[PDB]
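Here the structure is laid out as structure tokens; the discussion comes afterwards.
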Amino acid sequence: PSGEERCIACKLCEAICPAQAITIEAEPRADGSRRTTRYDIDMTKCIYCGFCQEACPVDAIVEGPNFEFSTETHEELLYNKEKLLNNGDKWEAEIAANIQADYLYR
Amino acid sequence: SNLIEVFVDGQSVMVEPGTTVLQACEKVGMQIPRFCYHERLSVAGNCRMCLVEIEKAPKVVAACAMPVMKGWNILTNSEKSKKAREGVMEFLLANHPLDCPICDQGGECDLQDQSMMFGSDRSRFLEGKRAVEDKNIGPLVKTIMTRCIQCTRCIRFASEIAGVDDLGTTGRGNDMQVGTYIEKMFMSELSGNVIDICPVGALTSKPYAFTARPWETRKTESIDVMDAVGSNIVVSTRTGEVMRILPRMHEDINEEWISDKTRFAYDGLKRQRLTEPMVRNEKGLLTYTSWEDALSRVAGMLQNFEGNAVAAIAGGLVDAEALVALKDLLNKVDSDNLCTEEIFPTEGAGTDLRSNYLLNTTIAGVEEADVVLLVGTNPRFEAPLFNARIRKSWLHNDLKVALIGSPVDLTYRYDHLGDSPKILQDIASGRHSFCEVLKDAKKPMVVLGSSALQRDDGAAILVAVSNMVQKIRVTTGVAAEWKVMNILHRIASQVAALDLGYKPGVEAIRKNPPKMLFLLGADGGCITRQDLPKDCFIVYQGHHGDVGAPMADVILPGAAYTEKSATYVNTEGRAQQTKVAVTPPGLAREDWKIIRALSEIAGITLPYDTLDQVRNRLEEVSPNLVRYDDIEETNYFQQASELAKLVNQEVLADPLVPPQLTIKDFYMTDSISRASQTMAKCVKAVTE
Amino acid sequence: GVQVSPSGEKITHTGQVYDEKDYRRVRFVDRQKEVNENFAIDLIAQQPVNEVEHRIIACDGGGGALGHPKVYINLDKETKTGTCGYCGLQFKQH
Amino acid sequence: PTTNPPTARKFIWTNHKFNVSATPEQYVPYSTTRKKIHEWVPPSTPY
Amino acid sequence: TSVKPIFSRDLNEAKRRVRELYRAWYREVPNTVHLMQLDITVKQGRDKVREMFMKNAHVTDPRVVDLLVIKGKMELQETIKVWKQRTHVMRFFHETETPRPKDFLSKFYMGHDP
Amino acid sequence: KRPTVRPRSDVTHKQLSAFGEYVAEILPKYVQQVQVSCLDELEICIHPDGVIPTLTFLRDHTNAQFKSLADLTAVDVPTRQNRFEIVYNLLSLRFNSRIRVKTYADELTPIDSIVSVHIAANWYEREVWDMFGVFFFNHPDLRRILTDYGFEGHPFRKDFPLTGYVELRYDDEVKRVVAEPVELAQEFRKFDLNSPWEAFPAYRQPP
Amino acid sequence: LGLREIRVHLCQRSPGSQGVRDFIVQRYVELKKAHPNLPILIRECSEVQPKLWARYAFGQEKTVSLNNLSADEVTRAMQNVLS
Amino acid sequence: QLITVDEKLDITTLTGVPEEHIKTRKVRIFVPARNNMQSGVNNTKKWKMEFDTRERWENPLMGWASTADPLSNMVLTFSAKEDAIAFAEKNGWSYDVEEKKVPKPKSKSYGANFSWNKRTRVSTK
Amino acid sequence: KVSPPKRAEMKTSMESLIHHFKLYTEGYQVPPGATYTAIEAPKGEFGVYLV
Ligand code: SF4
Ligand code: SF4
Ligand code: SF4
Ligand code: SF4
Ligand code: FES
Ligand SMILES: [Zn+2]
């Protein structure tokens, strides 16, 4: 809620990703903080399994509701940190509610 | 005999007295869990995780510290010991903070894996944890002490191996805080080893901070090239990069320990580096060009010249394959000016008789000694692990060290025998105070560095030392196989050079200033364009343009030790094989590959075309080099002595101070080291 | 911190921008590069210190099971302040 | 959301954006990282 | 030494089968360039056959030779029938792969490989 | 009684040990190393010459009517000189039981086929030949099944790379789906996951 | 044309190399005194058949397999190399 | 019946690999060294067989690490050493064998830390 | 040590966080052995021979 980036580059969303879709490359931020310099997802390798969001210890990466993001180019479906953060800043009003509804089960 | 029959889960095993339960079980295969005992450090039973029941005794015993008694059955997988381990893990993880995704020892934590095997899966802890003030040691060791388990595996290292005694424990109870009571830079040449010692991530490395994770990392077993110790090493990569360095385990060298350079100097392999062949244009400026252009320039100039007007300087971070290739390529244009940056006297046997420029004892042989005599060395700040074995011997086999040089901290008391090389003659006479001590000794070893031989009296110093040494063997009849004279180097590419037939020094080049120079990895500042002919052609085959590249008319980008399979002979003479971990960048290539290509561009076309062929050529020249890890026993020191007593060069009335005197001078002695942010940070810390 | 380079490209919170001669600027022709304007460095800097009374407190995000693992921070130092590893909030004691 | 609206946040987008796939102002991937292996810049003088 | 056979007491009785297989291929090529409309000549098809035979002439173990004969009979079955298409057959020729340079200096000009 | 762990009986273990002694003493020319596991799965191990007699026995014997072939696998273990461990899972339907017959092979030590006993073994033997390179004698077809027609290699061998040695793509120059060598835009990231701690002392290998 | 390096290859314990050790301890000092500027490399190993390489101006290397030789014949063949 | 085959067991004509990755390639047979972060030694005890590394490069789109060899992620495991030499000689790979590195046994004593005369008298506890 | 803990249990307890970590990065190290297990899939006997 403070706007602070929630990922910390613990690098297990890619440990468990059974498609090897996720890459991370991490550094200190010059504030003195464990944060990423890279978060890519080849969404042409993702199988939409949810393991990354049930492995993240901080609820940083999620798998949201949008199923209407078809494209006319392969290169558009290869995401990076900025696209994922755009998605988050777009879909927070939905994802927060979905999480509020589904927790106490997970 | 002096043996003991002991049983381990019934199974019998024969062990000496003075052993323990952990070692008895290791002889079977079981390793007992542990957080305090290391196998190289003093025992301190402070974790209480090495607890096993004995078949009928009423309680459990520390398996790291309890010596084993005749007629015992060690029950490792019994419910008593498992209950003990579960409780100990409960207590350890009670106040431990939930920082596993932050913590850089995340998939490398002994606490994790021991909780996963030998521990429960639940916390019955419903109270508030603690949180400890953190300490700002220095630019390397990143202390987060909210997670230290108070195992004291670090104070013991710093006191017994680094010889520092600036690390302890303050207070008692949960409030005991490991570290200094003050702000103090724990800044030693063996300081990054605590990062491997601390099983917990209470202290990690700052360069590796937050970068990668252990499962991501591929691991290639290579060696070091900073010093001539030959410290075995693991280079860890991640998607074609280099992430960190780690030690390997070899007991004759790099006893699980490495210096701070070779684990905080990999930063230099990605800065001020050479990536393209660069040629000098009309305005007299370097410009990126192709390989064919540069090699054609070099070969065109090479066809003309023949003999004394073609030279070569191999310095530092150079292979043996490259040396052989350049050697053959200059022999086949009948030039013999194959030289190395660092002087070694040729006024006797010279580079003949390997025993004369070699650790004729072993680095393990220091354990089997009673007196050591250091000359012209600061072994702390050059070959630090040699000094570390000296201290290991100083502790566990009470050893008396001498020193001839300047008074400088070695991590131990060293019986300073003044500052002069006339004391060598004073000893060889038989009158010095030290001979009263040495006549009692039965296994001594003098060891002189290749830092006093850079002077203008190296040959005289060697003759004095050999004379003294032969009179020493005469005095104390030692053995038919014990070596006493030894030579310590500080350069990786020197022993292979002198083995193959390179002539140490530069003096032939000053004597016959050539119209060519090949300057192979020679980023030192010995030779300059102020000393060479007008219209000279210098080509630099290397990396890390520091001072040798800008003074060159063309450049041929080479590869680093991390990026080629090569051989580097250490001080002992042990040849050791690097393994390729990451390919070299840009249009950079291997050294011998470049020389063979230049040859084919010219008319020589050297016979070999692959790496096995060059290795067989090394076999032809010196067959000691294909013998990997197989140390070879030299001889014929008497011959060198008879052949060196002939020449008569006075020794100056000059003291001999080493170049690496303080730790300020240790962190930057190379190209990789000089182009590096971490070493510069350590210098900035020490000098401020 | 979305200052631009002289080549006109936006620069990311991972200061990334392509050089002028880098041919990989083609892909942004008749296109743009996605960059997030809301930098977390400046945002978490735009956040005050939460003073407390004790030398040791805890931090989660604020939802409990919706934030991050509970961690404890010491506040004995006075020259500087505490900081969480997961979030970046700061604490001090009077 | 006219009765149970969502939380307000400074970083949430105010104006939504439909799918952009063929237009300009679409998405183009790129390496978020930086130069790792730095080159040697030679001097601008001779000898 | 002291091993079991497969279909061959010795190497000569294996070369027998080898020549039978070469024969079947030689007699099959003109039908394969015709049935599925390949754009090659029968000469170079049969030269390809002899090339892919001499790719394994160094071998002397009878068992390896028998297994190679078996796999050749499999490929011949696939080719006599049209289980495999023009793509698979013209795969043999490498009509798109540039020649691997068999020279040092070329390899040095492009790549770190030996 | 403990909920988290799996329940345990002994009568199945005893029955299968008895039947193992049965087969062992009735068929000694071939049998090696009968074994029954913690989970009660009987597992007989056989010399490769004994395949047809043993399988015909277990199919046609009265107290062993194992007349249904469930699987026919293979397992590559490069260590042992006879690499491929071949497995025959069977079931009876008269006694409501299963059994596992095992043999061994190599690249050049093939095995007799089983279509004369179990016709179900046809496509499984074809699969095993394709995947691991085990030739089967007196088999009707014995061609590939799963691999492409123009395919060199036995993929499920442990020494075979996961990504292969050839890659496909269409080319306009020749208007075919040519096969270029392999060049990936992202190397498979091998992870070193195994922990350096003895998890199970019961399987501890001594030196 | 002219000689540039000799290099001797031998073993420490294998007896076929016996003759080279004796030759060394007897004549190496006198030989170096006779040819001080010239080098002669002595590199020994565990188990290698002896050799004696000699390198002239270009890359012209020539050997003699002095395995299971005496010391006097070693000296004779070495003088043949020198001459 | 039996046969008397003398020559070296060779399989490369069966494996379906190119001549390139057979002849050009080099193989390292070894026991991996223990990670000096962890005091555990179970990741040892098995002889492995890795291949030489080759050129990786930055993919021009995203920066991923690319390859042109399939033997990059290749690792095998052998209970012993002769098994590994056999597998390599059989599949036609030139090998380099790194011998087994075992730590020296050592004489520990908790009583040496409290000596009257020795230098093992540690100043701490 | 086999099945991951509750999302809140891995945010107040250190043990369960360790177990989350190792489960979701490494796995749970099943012992050696082998099985063949079969069920009635709606088509028939779906079987898995694990080693
Ligand atoms: S998204 Fe979550 S699991 Fe992945 S690196 Fe970031 S914090 Fe770790
Ligand atoms: S949901 Fe997609 S990105 Fe996440 S772990 Fe599964 S496959 Fe990987
Ligand atoms: S040392 Fe690090 S990885 Fe290990 S338990 Fe503590 S926080 Fe977790
Ligand atoms: S800092 Fe590390 S090594 Fe030192 S006592 Fe604490 S846990 Fe042990
Ligand atoms: S290992 Fe024995 S008490 Fe620590
Ligand atoms: Zn927080």
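Read the figures in this text as sums done on the coordinates, not as results from a lab. Using ideal geometry, Cβ is built from the backbone for each residue, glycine included, and neighbour counts are taken over all protein chains shown.
At 37 °C and a viscosity of 0.692 mPa s, what translational diffusion coefficient does Stokes-Einstein give for the range B:1-212, taking Rh as the Kirkwood radius over Cα pairs? Give it in µm²/s as a whole number. Write down the numbers at each step before the final one.
Working: Rh = 18.7 Å.
In µm²/s, the coefficient rounds to 176.
Using a 7 Å offset from Cα along Cα-Cβ at E:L11, what residues in the range E:40-75 end up with backbone N under 12 Å from the label point?
Taking a point 7 Å out along Cα→Cβ of E:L11, the residues of the range E:40-75 whose backbone N falls under 12 Å are E:57-65.
So what's the angle, to the nearest 10 degrees on a 0 to 90 scale, between helix F:121-132 and the longest Cα principal axis of chain F?
The angle comes out at about 50 degrees.
Just the C-alpha atoms of chain B: what Rg/Rh do they give, with Rh taken as the Kirkwood radius?
That ratio equals 1.01.
May I ask you to order A:3-14, B:164-175, G:59-70 by the average number of other C-beta atoms within 10 Å around their residues, highest value first?
So the order, starting with the most tightly packed, is A:3-14, G:59-70, B:164-175.
What does the average come to when, for each residue of peptide C:50-58, you count the partner chain Cβ atoms lying within 10 Å of its Cβ?
On the way: counts 0, 0, 0, 0, 1, 3, 6, 2, 4.
If you average over the peptide's residues, the count of other-chain Cβ atoms is 2.
Amide H of H:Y110 versus every other amide H placed in the peptide plane: which residues, excluding those fewer than 5 positions away on the same chain, fall under 5 Å?
Amide H neighbours of H:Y110: none.
Take every Cα pair under 8 Å in chain E that's 6+ residues apart, average their separations, divide by the length, and report that relative contact order as a whole percent.
It comes to 31 percent, rounded to a whole number.
Looking at the range B:601-671, which trypsin sites (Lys or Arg not before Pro) are in a loop (DSSP not H, G, I, E or B) and have at most 13 other Cβ atoms within 10 Å?
Here the sparse-neighbourhood loop sites are B:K645.
Let me check against my output: what whole-number percent is the relative contact order of chain F, with C-alpha pairs under 8 Å and at least 6 apart?
Worked out over chain F, it gives 12 percent.
Quote the Stokes-Einstein diffusion coefficient, in whole µm² s⁻¹, for chain H, based on the Kirkwood radius over alpha carbon pairs, a temperature of 20 °C and a viscosity of 1.002 mPa s.
It comes out at roughly 112 µm²/s.
Does chain C classify as rounded, prolate or oblate by the C-alpha gyration tensor (a ≥ b ≥ c root eigenvalues; a/c under 1.5 gives rounded; else a/b over b/c gives prolate, otherwise oblate)?
Prolate.
Output wanted: per-residue J couplings in Hz (rounded whole) for the range A:27-43, from phi through Karplus 6.51 cos²θ - 1.76 cosθ + 1.60, θ = phi - 60°, x for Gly and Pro.
8, x, 8, 6, 8, x, 9, 6, 9, 8, 9, 6, 8, 10, 9, 6, 6
How high is the relative contact order of chain B, in percent, counting Cα pairs under 8 Å that sit 6 or more residues apart?
15 percent
Exposed loop trypsin sites (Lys or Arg not before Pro) only (DSSP loop, at most 11 other Cβ atoms within 10 Å): please give the longest stretch of chain F free of them, not including the sites.
F:30-174
Do the alpha carbons of any pairs in B:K27/B:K392; F:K67/I:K43; B:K579/H:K46; B:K82/C:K77; B:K439/B:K645; B:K283/B:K534 sit beyond 29 Å of each other, and which pairs?
The answer is B:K82/C:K77.
For the range F:1-157, what percent of Cα pairs sit more than 18 Å apart?
Of all Cα-Cα pairs in the range F:1-157, 61 percent lie more than 18 Å apart.
Using a Gaussian network model of chain H with C-alpha springs under 10 Å, which one of H:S39, H:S109, H:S72 is most mobile by mean-square fluctuation?
Its mean-square fluctuation being the largest, the pick is H:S109.
³J(HN,Hα) across the range B:107-116 via Karplus (A = 6.51, B = -1.76, C = 1.60, θ = phi - 60°), whole Hz, x for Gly/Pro?
Result, rounded to whole Hz: x, 9, 8, 5, 5, 4, 5, 6, 5, 7.
Checking the table F:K158/I:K1; B:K219/H:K101; A:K45/I:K1; A:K11/H:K101; B:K142/C:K92; D:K36/I:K22 against a 21 Å threshold on Cα-Cα, which pairs fail?
Pairs exceeding the cut-off: F:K158/I:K1; A:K45/I:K1; A:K11/H:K101; B:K142/C:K92; D:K36/I:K22.
Summing -39500 (n - 2.57) over the DSSP H runs of n ≥ 4 in chain B and dividing by its residue number, what mean residue ellipticity at 222 nm do you reach, to the nearest 500 deg cm²/dmol?
-7000 deg cm²/dmol
Taking the alpha-carbon distance from B:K503 and a cut-off under 20 Å, which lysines remain once sequence neighbours fewer than 8 residues away in the same chain are dropped?
In chain and number order, the partners are B:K327, B:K332, B:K511, B:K515, G:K32, G:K33.
For the range B:298-304, in order, what is each residue's ³J(HN,Hα) by Karplus, 6.51 cos²θ - 1.76 cosθ + 1.60 with θ = phi - 60°, in whole Hz (x at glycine and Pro)?
Here the 3J(HN,Hα) series is 4, 6, x, 5, 6, 4, 5 Hz.
Between A:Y103 and B:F305, what is the spin-label point distance in nm, taking each point 7 Å from the Cα along the Cα→C-beta axis?
In this crude spin-label approximation the distance works out to 7.4 nm.
Using alpha carbon coordinates only, what is the Rg to Rh ratio of chain E, with Rh defined as the Kirkwood radius?
1.07
Go from 0 up to the bin containing the longest alpha carbon distance in the range B:191-276, width 5 Å each, and give me the % of pairs per bin.
3, 13, 23, 26, 20, 10, 3, 1, 0
Towards the positive end of the charge dipole of the protein assembly as shown, with charges on Cβ (+1 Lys, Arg; -1 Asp, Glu), say which of B:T562, B:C36, E:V64 has the farthest Cα.
Going by the Cα projections, it comes out as B:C36.
Along the charge dipole of chain B, which of B:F7, B:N356, B:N512 sits closest to the positive end, that is, farthest toward it, with unit charges on the beta carbon of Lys, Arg, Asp and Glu (+1, +1, -1, -1)?
Positive-most Cα among the choices belongs to B:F7.
Compute, for the range B:1-212, the length of the dipole vector about the Cα centre, with Cβ point charges of +1 (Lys, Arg) and -1 (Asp, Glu) only. Units Debye, rounded to 20.
Numbers: 23 positive and 26 negative charges, 98 e Å.
About 460 debye.
Viscosity 1.002 mPa s, temperature 20 °C: what is the translational diffusion coefficient of chain G from Stokes-Einstein with a Kirkwood Rh over Cα pairs, rounded to a whole number of µm²/s?
Details: Rh = 12.9 Å.
Stokes-Einstein gives a translational diffusion coefficient of 166 µm²/s.
Report, by chain and number, residues whose modeled amide H sits under 5 Å from the one on B:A312, excluding near sequence neighbours (fewer than 5 apart, same chain).
Hits under the 5 Å cutoff: B:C339, B:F518.
So which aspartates and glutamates can B:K56 reach, going by Cα to Cα under 18 Å and dropping same-chain residues fewer than 8 places off?
List returned: B:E5, B:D9, B:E79.
Find which of B:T146, B:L448, B:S429 sits farthest along the positive direction of the dipole of chain B, computed with +1 on the beta-carbon of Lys and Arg, -1 on that of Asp and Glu, about the Cα centre.
With unit charges placed on the Cβ atoms, the residue in question is B:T146.
Would you please give the residues with an amide H less than 5 Å from that of A:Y39, counting only those at least 5 places away or on a separate chain, with H modeled from the backbone geometry?
Amide H neighbours of A:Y39: A:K81.
Across peptide C:38-45, what mean number of C-beta atoms from other chains lies inside 10 Å of a residue's C-beta? The partial results should precede the final answer.
Details: counts 10, 3, 12, 8, 1, 6, 6, 2.
Whole-number average of other-chain Cβ neighbours for C:38-45 is 6.
Which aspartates and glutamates, on any chain, are close to I:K6 with Cα under 20 Å apart, when same-chain ones fewer than 8 places away are left out?
Qualifying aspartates and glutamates at Cα under 20 Å: A:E54, A:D59, A:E63, A:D102, B:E90, B:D99, B:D121, B:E127, C:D60, I:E15, I:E26.
Treating only the Cβ atoms of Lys and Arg (+1) and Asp and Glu (-1) as charged, compute the dipole magnitude of chain I about its Cα centre; round to the nearest 20 debye.
For this selection, approximately 240 debye.
Could you work out the mean count of beta carbons from other protein chains within 10 Å of each residue's beta carbon in H:26-37? Intermediate results must be reported in sequence, preceding the final value.
Details: counts 6, 0, 5, 0, 2, 0, 5, 10, 6, 11, 13, 16.
Averaged over the peptide's residues, the number is 6.
Please state the shape class of the protein assembly as shown: rounded when a/c is under 1.5, otherwise prolate if a/b exceeds b/c and oblate if not, all from the C-alpha gyration tensor.
On the way: a/c = 1.37, a/b = 1.18, b/c = 1.16.
Rounded, since a/c falls under 1.5.
At most 10 other Cβ atoms within 10 Å and a DSSP loop assignment: could you name the GluC sites (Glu not before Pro) in the range B:98-176 that fit? Intermediate values should be presented prior to the final figure.
Numbers: sites: B:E108, B:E127, B:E133, B:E160; in loops: B:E108, B:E127, B:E133.
Loop-located and lightly packed - B:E127.
Please determine, in degrees from 0 to 90 and to the nearest 10, the orientation of helix I:14-25 with respect to the longest principal axis defined by the Cα atoms of chain I, where the helix direction is its Cα long axis.
40 degrees
Taking the highest mean first, how do the peptides A:35-47, B:184-196 order by number of other beta carbon atoms within 10 angstrom per residue?
B:184-196, A:35-47
So if I take the centroid of the Cα atoms in the range B:365-432 and the same for the range B:484-502, what is the distance between those two points in Å?
Centre-to-centre distance over Cα atoms comes out at 21 Å.
Restricting to DSSP loop positions (anything but H, G, I, E, B) with no more than 13 other Cβ atoms inside 10 Å of their own Cβ, which GluC sites (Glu not before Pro) remain in the range B:619-660?
Loop-located and lightly packed - B:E650.
Sorted from largest to smallest, which semi-axis lengths in Å does the alpha carbon gyration tensor of the range B:509-580 give for its equivalent ellipsoid, taking the root of 5 times each eigenvalue?
So the three semi-axes of the range B:509-580 are 28, 15, 9 Å.
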